Structures are given as structure tokens and as C-alpha cells.
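**Q** Read top to bottom, the protein sequences are chains A and B. Under my numbering, think of the first position of the first sequence as 1, with each following residue one higher. Under my numbering, think of the first position of the second sequence as 213, with each following residue one higher. A single structure is presented below for examination.
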Amino acid sequence: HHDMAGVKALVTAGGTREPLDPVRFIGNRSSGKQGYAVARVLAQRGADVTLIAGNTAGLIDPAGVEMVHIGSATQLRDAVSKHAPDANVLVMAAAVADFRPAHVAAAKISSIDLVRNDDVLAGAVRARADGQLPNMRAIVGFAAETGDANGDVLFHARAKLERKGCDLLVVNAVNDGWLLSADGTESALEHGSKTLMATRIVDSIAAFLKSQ
Amino acid sequence: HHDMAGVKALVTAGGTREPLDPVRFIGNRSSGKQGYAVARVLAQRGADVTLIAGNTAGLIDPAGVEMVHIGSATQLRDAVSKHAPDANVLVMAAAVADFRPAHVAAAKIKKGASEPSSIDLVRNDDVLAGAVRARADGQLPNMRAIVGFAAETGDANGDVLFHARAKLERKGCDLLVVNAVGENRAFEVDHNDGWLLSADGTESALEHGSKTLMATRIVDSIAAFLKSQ
Ligand SMILES: Nc1ccn([C@@H]2O[C@H](COP(=O)(O)OP(=O)(O)OP(=O)(O)O)[C@@H](O)[C@H]2O)c(=O)n1
Ligand SMILES: Nc1ccn([C@@H]2O[C@H](COP(=O)(O)OP(=O)(O)OP(=O)(O)O)[C@@H](O)[C@H]2O)c(=O)n1
Ligand SMILES: O=C(O)C(=O)c1cn(-c2ccc(O)c(O)c2)c2ccc(-c3cccc(O)c3)cc12
Ligand SMILES: [Ca+2]
Ligand SMILES: [Ca+2]
Numbered sequence: 001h002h003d004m005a006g007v008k009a010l011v012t013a014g015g016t017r018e019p020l021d022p023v024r025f026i027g028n029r030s031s032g033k034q035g036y037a038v039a040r041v042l043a044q045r046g047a048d049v050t051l052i053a054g055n056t057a058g059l060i061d062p063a064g065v066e067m068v069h070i071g072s073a074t075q076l077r078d079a080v081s082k083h084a085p086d087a088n089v090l091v092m093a094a095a096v097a098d099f100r101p102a103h104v105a106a107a108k109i110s111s112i113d114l115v116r117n118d119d120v121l122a123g124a125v126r127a128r129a130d131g132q133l134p135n136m137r138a139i140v141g142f143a144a145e146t147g148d149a150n151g152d153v154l155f156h157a158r159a160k161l162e163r164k165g166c167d168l169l170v171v172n173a174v175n176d177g178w179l180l181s182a183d184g185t186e187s188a189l190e191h192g193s194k195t196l197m198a199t200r201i202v203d204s205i206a207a208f209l210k211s212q
Numbered sequence: 213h214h215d216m217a218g219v220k221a222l223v224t225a226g227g228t229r230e231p232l233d234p235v236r237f238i239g240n241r242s243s244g245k246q247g248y249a250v251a252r253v254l255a256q257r258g259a260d261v262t263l264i265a266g267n268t269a270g271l272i273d274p275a276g277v278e279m280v281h282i283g284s285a286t287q288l289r290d291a292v293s294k295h296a297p298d299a300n301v302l303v304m305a306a307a308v309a310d311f312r313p314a315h316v317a318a319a320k321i322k323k324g325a326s327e328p329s330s331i332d333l334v335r336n337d338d339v340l341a342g343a344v345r346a347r348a349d350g351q352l353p354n355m356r357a358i359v360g361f362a363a364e365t366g367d368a369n370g371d372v373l374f375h376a377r378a379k380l381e382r383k384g385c386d387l388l389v390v391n392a393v394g395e396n397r398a399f400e401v402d403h404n405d406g407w408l409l410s411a412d413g414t415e416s417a418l419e420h421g422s423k424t425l426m427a428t429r430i431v432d433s434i435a436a437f438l439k440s441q
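Laid out in C-alpha cells, this is it:
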């Protein structure tokens, strides 16, 4: 019940907000609950946990977890970069905005022109492959996927795993979901409480660290 | 005493979210707490309160208050149209989005490879102003007080009071609550631009204090207006 002792774990959770001006922004409907649950379970099993949190459903800080609060995707990126060097597990559970307004208004206010934000998960994946994160043992991504006219849900999920290159892709089929490993393993994630699904996610992380 | 006994009160609170697709939206940073505080105080003082709530999911429903939930500024508009005939006082405390994306995608907008397009905006209707016009056209015979809220700063073209007076005159509501702001917490600056501006010219200061104390002063302001009539 304490296998993650000595693990430094960095978790992102919640959705980011891309400011239009001091008051208005682009946001999403993500609750952050599953990222917090992974943070709580990680800490419960002995990890030294840092939680980078964007916008959440009123969530209370998990006890024993270092909280770092952020607003935008770019602030998330800098937060991930700042806390990256000593971490052994990166759990990218945040819904990071792909786009942000190019211009932020100085005062209270046409169209909003967009510019792309950095892909932090892929930045972490690339940094580790070029030797800049030797302590990083597990990079975990999240995806909310669905079947559509261009493929079924699981096709899209596999393609996302292949494209991101992370060690584990936790897939939420928008009732059951999936855990896709980079060695090809696929486990169904049965629908239950946020805590029990977090246990299955952390169990998979612990299983990956031992194989390596 | 219980001065708002027999008053039917319709309160809007929180910010709206204007969908870009099922997941993304345009939103603002309004907590909705000052609007809940006015409703709870109204209810505590004997009003029959109906609360139309925007983005306030982690807030607790005020005791004794009929809850109506909405998402976008447009759904707020339709909720106000439905519930306005039962109200004697309209308290427009919601942070209504001024603009809405022109097209709502049926699916999550994927991050592709070509240049990201732009978000076309379209103005939302002024719900408070729609209410002021309805009362003027005879469609709201029960409506006794129309209350608006505004966050006003002082920019290059006037101080808070200039912009606020212009807003009250322009909106046509009976009372304009200006800069009912802050939770009075440590290290939060007080700029003393709090005001209750009536459509008869009276200007009273709104001191910055707790959400409950500003709610009490606002309802006090409402009750004084109902007595004048
Ligand atoms: N700018 C971004 C966006 C994504 N994420 C992370 O990347 C993972 C994949 O998220 P997803 O949105 O599904 O990937 P996308 O490439 O953005 O997929 P799509 O374009 O279909 O939305 C998540 O763990 C998320 O936290 C990230 O680190 N940086
Ligand atoms: N589309 C809108 C705009 C605002 N409101 C209401 O009207 C009041 C005015 O808010 P404010 O944003 O300050 O007024 P605006 O006309 O939008 O002024 P501005 O463009 O400077 O923001 C508030 O009570 C708000 O709930 C509304 O009913 N519908
Ligand atoms: O932590 C949360 O709950 C949360 O807010 C989430 C935000 N994303 C997310 C990521 C990238 C996106 O592009 C996007 O749109 C959303 C999630 C993706 C999957 C899960 C998940 C995983 C297993 C079981 C399960 O039930 C939910 C949770 C979230
Ligand atoms: Ca995305
Ligand atoms: Ca406005």
C-alpha cells in the first residue's frame, strides 16, 4: 500500500483559461477531479506529489500535496518546466488549451485571432528522449476520445497514443475507457468512482516503473 | 423587521459561458457570490425569491430560494422572459457575456495543422435593457424595481462615477449597483468606488466589506426605492 515511496510525481489537473482581457477568457468544462484523484492516490501511496492546477470545480487541495495554481496553457508550460528536473512521473491530466487569443486587451472592451500554445506533454516526451529529463521514468497522457465519421473511438485513441509517444495514455471514451501502454498493452478501465479508477491508473504507473 | 415580505424577487447571478463547441466556451471570472448574497438576504427578509444562476456550480443554493439553472447569455434571456411576469423586483446581478461566438461547432474543434481560424463574435441581447423596454410597453405590470450591477473603472475618458452615471441613464433601470466588489480579504485594496446610483439622482456610497454586508446595503437600497413608490 506504499509502493510509490521515494517517487517525485508532477501532476497537472483542471482546464486552462486563455485571457481575452483582464476579465474574459476562453475556458473548458473540465472538472479536474480525475487528476486530483490521481494526485491524492499518488500521495496516499508515498509519492512526493506536486499538483499544477488550472480551473477546477471548487476542488479542495489534496492534503500532503504541493499545490501550484496556474491560469493559462503557457503558465502551465512554465510551471511544468520549472518543476520538471527532479520529477520521476509526469501525469498530464490537464485539458491544456491548444489556442489562445493573439492579443490580450489592456482594458475592458470584431473577431478574436488565435495562435497555438505549446504542447507540453510532447515537450516533456521530446525532452526526455534528447537526454534532458534523465530522472523521468513515466510520462502519462490523458485523452477524451469519441468515435466519429473518421474512425471509431479506440482507433482515435491508439492514433493519439502513437502520436504523443507517452508511456501511458489514459483514455476516457466520451462509459468505460482505456489504458493504452507504449508496449501495445491495452486494458479496459471499468467505470467506477474517481478514486478506484485512480487506483487502476496508479497501479499501471507502478507496473511500468518496475518493468523498466 | 421583515420589510421584503410579500415581494416577489427574480435574481440573476454568476457569469454565462458562450459555447464554442460542447467543451470550450467564452467565460469570465465572476464567482456569482455577491448575487447569491443579495438573494439570501432578500429571502431572509421575507421575499419570495427566484434565483437564475449561471456558472456557479460549486456554490450552495440559498435556503428558501427557487433555483433556475442556465448556461449561456441567451438561456439567461429566455429564463428572464419566462420568470419576469411573477417578479416585483428584478435584480440583474449576473455577469452577462456581451458577445457570443457566431458558429457553435457540433464537435470538439480539433487542433490540426493549418493556421487556426478566428472566433467570430456576435453580440448578445441586453437582457436588463430588454426588461426595461418590456416594462415601458406594458408587458410587466407587476415590475416595481429594476436593478442592474456594473463594474466600473476610471480610464482616460472619465472616473468611475462619470461612467456609472452614464450607464444608469443609458440602461434605464431604477437602481444601478456599482463596484459591489471584493471579499474584503487581507491584501485586497479598497478603491472606494462603490456606489448605489438611483434613477432619481441620489448617490449613496457602497462601502466595500463582506459579501453579506454589501448585500444588506443593496437590499436596503431596494427597500427604500419600493417605499418611495
Ligand atoms: N497544448 C497541450 C495540449 C495537450 N496537452 C496534454 O496532451 C494530452 C493529450 O490531450 P489531447 O487534447 O487529447 O491531445 P491533442 O493533440 O490536443 O488532440 P486533439 O487535437 O484531437 O484535441 C493531455 O494529456 C494534455 O494534458 C499538453 O500537454 N499540451
Ligand atoms: N448583454 C447584457 C449585458 C449586461 N447585462 C446586465 O446589465 C448590467 C450591465 O452590465 P455591464 O456589462 O456593465 O453593461 P454593458 O452595457 O455591457 O457595458 P460595457 O459594454 O461597458 O461592459 C448588468 O446588470 C448585467 O447583468 C445584461 O442584462 N445583458
Ligand atoms: O480530471 C478530469 O476529470 C478532467 O477534467 C479531464 C480532462 N481531460 C481532458 C484531457 C485532454 C482533452 O483534450 C480534453 O478535452 C479533456 C480528461 C481526459 C480523460 C479523463 C478520464 C480518464 C479516465 C477516466 C475518466 O473517468 C476520465 C479525465 C479528463
Ligand atoms: Ca486538444
Ligand atoms: Ca459588459
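The C-beta atom is built at its ideal place from N, Cα and C for all residues, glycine as well.
In whole angstroms, what is the alpha-carbon distance linking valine 104 of chain A and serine 193 of chain A?
**A** Answer to the nearest angstrom: the Cα atoms are 39 Å apart.
**Q** Answer yes or no: the CB of residue 218 of chain A versus the heavy atoms of ligand 1, is any distance below 7 Å?
**A** The structure shown does not extend to residue 218 of chain A, since chain A is modelled only from 1 to 212, so the question has no answer here.
**Q** List the residues of chain D whose Cβ lies closer than 7 Å to the Cβ of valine 235 of chain B, in chain order.
**A** No chain D appears in the structure shown, which is made up of the protein chains A and B.
**Q** Between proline 313 of chain B and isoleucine 430 of chain B, how many whole angstroms is the CB-CB distance? I'm expecting something under 8 Å.
**A** Incorrect: roughly 33 Å between the Cβ atoms, too far for contact.
**Q** Between residue 218 of chain A and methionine 92 of chain A, what straight-line distance do the alpha-carbon atoms span, to the nearest angstrom?
**A** Residue 218 of chain A lies beyond the residue range present for chain A, which begins at 1 and ends at 212; the question has no answer from this structure.
**Q** Over what stretch of residues does the beta strand (DSSP E) that includes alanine 9 of chain A continue unbroken?
**A** Taken as a continuous stretch (DSSP letters only), the beta strand (DSSP E) holding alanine 9 of chain A covers 8 to 13.
**Q** Quick one, which of B/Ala269, B/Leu232, B/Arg236, B/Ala217 has its alpha-carbon nearest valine 253 of chain B's?
**A** Closest option to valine 253 of chain B, Cα to Cα, is B/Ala217.
**Q** How should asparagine 175 of chain A be labelled, buried or exposed, when 16 other C-beta atoms within 10 angstroms of its C-beta is the threshold for buried?
**A** Exposed, since its Cβ has fewer than 16 Cβ neighbours within 10 Å.
**Q** State the beta-bridge partners of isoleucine 26 of chain A as determined by DSSP.
**A** Paired residue(s): A/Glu18, B/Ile238.
**Q** Using the three-state DSSP reduction, which class does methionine 136 of chain A fall into: helix, strand or coil?
**A** Reduced to three states, the DSSP call for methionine 136 of chain A is coil.
**Q** List, in order along the chain, the chain B residues whose C-beta lies closer than 8 Å to that of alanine 107 of chain A?
**A** Ordered by position in chain B, the residues that pass the 8 Å Cβ test against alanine 107 of chain A are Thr365, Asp367.
**Q** Taking 8 Å as the cut-off, decide whether the C-beta atoms of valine 301 of chain B and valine 359 of chain B are in contact.
**A** The answer is yes: Cβ separation under 8 Å.
**Q** In the region 266 to 285 of chain B, which residues sit with their C-beta less than 7 Å from some C-beta in chain A, listed in chain order?
**A** Cβ contacts with chain A: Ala269, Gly270.
**Q** At a CB distance below 8 Å, what residues from the region 99 to 130 of chain A approach chain B? Give them in sequence order.
**A** Listed by position, the residues of the region 99 to 130 of chain A near chain B (Cβ gap below 8 Å) are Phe99, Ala107, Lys108, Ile109, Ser110, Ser111, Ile112, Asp113, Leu114, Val115, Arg116.
**Q** Taking buried to mean at least 16 other C-beta atoms within 10 Å of its own C-beta, is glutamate 419 of chain B buried or exposed?
**A** Burial call: exposed.
**Q** By DSSP, does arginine 397 of chain B sit in helix, in strand, or in coil?
**A** Reduced to three states, the DSSP call for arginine 397 of chain B is coil.
**Q** Are three or more beta carbon pairs between the region 30 to 47 of chain A and the region 120 to 131 of chain A nearer than 8 Å?
**A** No, the region 30 to 47 of chain A is not in contact with the region 120 to 131 of chain A.
**Q** At the 8 Å Cβ level, is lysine 323 of chain B part of the contact set with chain A, yes or no?
**A** Yes, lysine 323 of chain B counts as interfacial toward chain A.
**Q** Measuring alpha carbon to alpha carbon, tell me which of A/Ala138, A/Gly58, A/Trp178, A/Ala37 ends up nearest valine 153 of chain A.
**A** The shortest C-alpha separation from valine 153 of chain A is found at A/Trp178.
**Q** For the putative contact between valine 65 of chain A and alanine 39 of chain A, defined by C-beta atoms under 8 Å, what is the C-beta separation to the nearest angstrom?
**A** With a Cβ gap of about 5 Å, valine 65 of chain A and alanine 39 of chain A count as contacting.
**Q** Would the beta-carbon of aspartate 310 of chain B be found less than 7 Å away from any heavy atom of ligand 5?
**A** Indeed, a heavy atom of ligand 5 lies less than 7 Å from the Cβ.
**Q** Please classify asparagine 117 of chain A as buried or exposed, where buried requires at least 16 neighbouring CB atoms within 10 angstroms.
**A** Buried, since its Cβ has 16 or more Cβ neighbours within 10 Å.
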